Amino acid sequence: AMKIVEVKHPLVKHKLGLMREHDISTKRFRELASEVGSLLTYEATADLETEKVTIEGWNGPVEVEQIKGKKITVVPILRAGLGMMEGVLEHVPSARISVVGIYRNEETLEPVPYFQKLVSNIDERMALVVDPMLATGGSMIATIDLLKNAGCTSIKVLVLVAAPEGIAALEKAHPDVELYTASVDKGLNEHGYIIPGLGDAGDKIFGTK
């Protein structure tokens, strides 16, 4: 079974609620997207492996803990992904950024990957994939294909809202990934959008239509 973690922290639910206002501004919506993305990053990095090391402290040698392994890689799915990347980099600013571009065909609801440039030695790195919505799951399944195809074994997915249909498709497609969502909504409408959902999060964050 796929590891699913619905973050129920009061601040996460409060800020997610503000983003559901249909009259919210693009500015406010962008700040909240990055803010909630920052909190989901703290929930997803709670199981990182640490190692004890001795360093010269203010009053002589002292034992400190550092994150074991090579630097993490943040995988923002263009375009909506960038609206959450700043919140992630806040806790891991040395993270390697692997930009992946994917837009959805509103006619077929299938993913259309147009860009990718992953970091090197990704097989020795953990990937934090950030995308505000998990509706049918096509875009996330297409992203994980590129990562595993590149040799990445450790993958974590951070999303604001996720529909059961998208969680089911992702689980049968890649059950070894861990999903961290700020909410599990009811489902999808006849146009493939999540309900209650956040609407067209992508165009709402970039200010397009």
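Numbering starts at 1 and runs along the sequence shown.
Per-stretch averaging of Cα B factors for 31-39 and 165-173 places 165-173 on top. Among all modelled residues in its chain, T26 ranks in the middle third by Cα B-factor. Per the deposited record, the Cα B-factor of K186 falls in the highest third when ranked against the other modelled residues of its chain. In the deposited entry, the Cα temperature factor of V159 sits in the bottom third of values across the chain's modelled residues. Among the modelled residues of its chain, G199 has a C-alpha B-factor that falls in the middle third according to the deposited record. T45 sits in the lowest third of its chain by CA B factor, as recorded in the PDB entry.
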